[PDB]
K.L.:
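Just dropping this structure here.
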Amino acid sequence: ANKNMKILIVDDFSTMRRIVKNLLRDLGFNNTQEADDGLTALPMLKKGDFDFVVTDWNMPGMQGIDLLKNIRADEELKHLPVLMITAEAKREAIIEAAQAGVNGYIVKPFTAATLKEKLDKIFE
Ligand SMILES: [Mg+2]
């Protein structure tokens, strides 16, 4: 796992964006940027050459599931591994996210410990 991989953190609650960001900082990943909704994350991915996406699942403008779909329908972006953040792991929403092509999921609140298992798991 390369620690200079360009990571996009997507979440509508800015405090959550900065917590995810410091957890990634504690793990060797410092190349992080932010977006507050999928509508604002999309143009960032579209032009920014990112390597990894961490997105919230429920956002007001465009949802986590709809950004993953747009990423997956975009020829240029379809190779992007996506980790989803969710308030509780309901079986039904996860299966849906799995079917939509997400790489993994993590339930909040979470720690740097969990985050890394999730990252290792995704990258295999
Ligand atoms: Mg949210």
Side-chain angles (χ1 to χ4, degrees):
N2 172 12
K3 319 202 144 173
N4 195 76
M5 66 168 175
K6 205 184 179 60
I7 304 159
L8 186 68
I9 306 171
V10 189
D11 192 286
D12 60 284
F13 169 35
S14 100
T15 291
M16 187 64 185
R17 294 199 304 272
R18 27 177 178 289
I19 288 171
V20 177
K21 189 185 165 86
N22 286 311
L23 293 184
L24 287 161
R25 175 181 52 62
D26 300 347
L27 296 166
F29 311 95
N30 311 324
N31 209 356
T32 55
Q33 280 85 65
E34 307 169 42
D36 66 14
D37 196 81
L39 294 175
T40 224
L42 230 210
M44 282 178 90
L45 289 178
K46 186 63 181 182
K47 310 284 212 173
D49 264 296
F50 290 85
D51 304 311
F52 181 40
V53 187
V54 184
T55 185
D56 175 21
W57 217 237
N58 88 106
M59 305 184 281
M62 154 194 303
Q63 280 163 332
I65 174 110
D66 287 310
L67 171 72
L68 171 71
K69 282 182 187 179
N70 273 282
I71 289 173
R72 289 293 179 259
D74 194 299
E75 204 64 334
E76 279 193 85
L77 312 174
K78 73 186 178 69
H79 62 279
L80 287 163
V82 179
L83 169 69
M84 106 195 243
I85 305 163
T86 194
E88 52 173 314
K90 290 163 154 295
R91 177 186 176 64
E92 303 292 299
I94 293 164
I95 286 147
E96 198 208 278
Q99 287 198 222
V102 76
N103 299 62
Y105 68 99
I106 184 173
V107 180
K108 59 171 180 178
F110 59 80
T111 53
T114 311
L115 187 55
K116 155 129 221 124
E117 305 152 14
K118 288 297 177 183
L119 295 181
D120 286 311
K121 203 179 170 62
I122 273 155
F123 275 106
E124 303 167 349

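Position 1 is the first residue of the sequence, and the numbers go up from there. Every heavy atom of this structure was used, including side-chain atoms; hydrogens, water molecules and symmetry mates were not.
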K.L.:
Starting at CZ of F13, measure out to CZ of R18 and round the result to the nearest 0.5 Å.
P.N.:
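Between atom CZ of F13 and atom CZ of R18 there are 7.5 Å.
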
K.L.:
If every non-hydrogen atom of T40 is compared with every non-hydrogen atom of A35, which pair is closest and at what distance?
P.N.:
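Looking at all heavy atoms of both residues, the closest pair is CG2-CB, 3.6 Å.
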
K.L.:
Is there a path of hydrophobic side-chain contacts, each under 4.5 Å between heavy atoms of I, L, V, M, F, W or Y residues, that connects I9 with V107?
P.N.:
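No; tracing contacts between hydrophobic side chains, which count when under 4.5 Å, never links both residues.
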
K.L.:
Side chains of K118 and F110: does their closest heavy-atom pair fall under 4.5 Å?
P.N.:
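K118 vs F110: side chains apart.
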
K.L.:
Are any non-hydrogen side-chain atoms of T55 and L68 less than 4.5 angstrom apart?
P.N.:
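No - every pair of side-chain heavy atoms lies 4.5 Å or more apart.
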
K.L.:
Identify the heavy atoms of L77 and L45 that sit nearest to each other, and give their distance.
P.N.:
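Smallest heavy-atom distance, with atoms named: CD2-O, 3.4 Å.
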
K.L.:
Would a hydrophobic clustering, with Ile, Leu, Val, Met, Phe, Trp and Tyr connected at side-chain separations under 4.5 Å, put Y105 with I71?
P.N.:
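Yes, same cluster.
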
K.L.:
Answer yes or no: is there an ion pair linking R17 with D36, defined by an N-O contact shorter than 4.0 Å?
P.N.:
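Result for this pair is no, no salt bridge flagged.
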
K.L.:
Mark yes or no for whether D11, through its side chain, and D56, through its backbone, hold a donor-acceptor pair below 3.5 Å.
P.N.:
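A pair under 3.5 Å: no.
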
K.L.:
Contact between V54 and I106 at the side-chain level, heavy atoms closer than 4.5 Å - yes or no?
P.N.:
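No. Closest side-chain heavy atoms not under 4.5 Å.
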
K.L.:
I need the minimum non-hydrogen distance between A100 and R72, along with the two atoms involved.
P.N.:
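It is O-CG, 3.6 Å.
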
K.L.:
Could you state the interatomic distance from NZ (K69) to CD (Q63), rounded to the nearest 0.5 Å?
P.N.:
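If I round to the nearest 0.5 Å, the distance is 9.0 Å.
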
K.L.:
Distance from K116 atom NZ to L24 atom CG, nearest 0.5 Å?
P.N.:
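Answer rounded to 0.5 Å: 10.5 Å.
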
K.L.:
Just one of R25, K21, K6 clears the side chain to side chain donor-acceptor pair (under 3.5 Å) bar with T32, so which one?
P.N.:
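Of all the options given, the one that passes is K21.
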
K.L.:
Any non-hydrogen side-chain atom of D37 less than 4.5 Å from a side-chain atom of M62?
P.N.:
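Yes, at least one pair of side-chain atoms sits under 4.5 Å.
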
K.L.:
Give the minimum heavy-atom separation between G38 and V10, together with the two atoms involved.
P.N.:
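Heavy atoms of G38 and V10 come nearest at N-CG1, 4.2 Å.
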
K.L.:
Which donor-acceptor pairs under 3.5 Å do side chains of residues 78-98 form with protein atoms, sequence neighbours excluded?
P.N.:
{"residue": "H79", "atom": "ND1", "partner": "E76", "partner atom": "O", "Å": "3.2"}
{"residue": "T86", "atom": "OG1", "partner": "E88", "partner atom": "O", "Å": "3.4"}

K.L.:
How about CZ on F29, more than 12 heavy atoms from neighbouring residues, nucleotides or ligands closer than 6.0 Å, or not?
P.N.:
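It does: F29 CZ has more than 12 such atoms within range.
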
K.L.:
Can you hop from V53 to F50 via hydrophobic side chains spaced under 4.5 Å?
P.N.:
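Linked within one cluster.
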
K.L.:
Under the criterion side chain to side chain contact (heavy atoms under 4.5 Å, CB included), which of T114, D120, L119 is the partner of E117?
P.N.:
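The residue from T114, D120, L119 that satisfies side chain to side chain contact (heavy atoms under 4.5 Å, CB included) with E117 turns out to be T114.
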
K.L.:
Can you give me the closest heavy-atom contact between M5 and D51, atom names plus distance?
P.N.:
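Where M5 meets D51 most closely, the heavy atoms are CA-OD2, 3.3 Å.
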
K.L.:
Looking at side-chain heavy atoms only, is the closest gap between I65 and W57 below 4.5 Å?
P.N.:
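The answer is yes, as the side chains (C-beta and beyond) meet within the 4.5 Å cut-off.
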
K.L.:
Does one hydrophobic cluster hold both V20 and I122, with members joined at side-chain heavy-atom distances below 4.5 Å?
P.N.:
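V20 clusters together with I122.
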
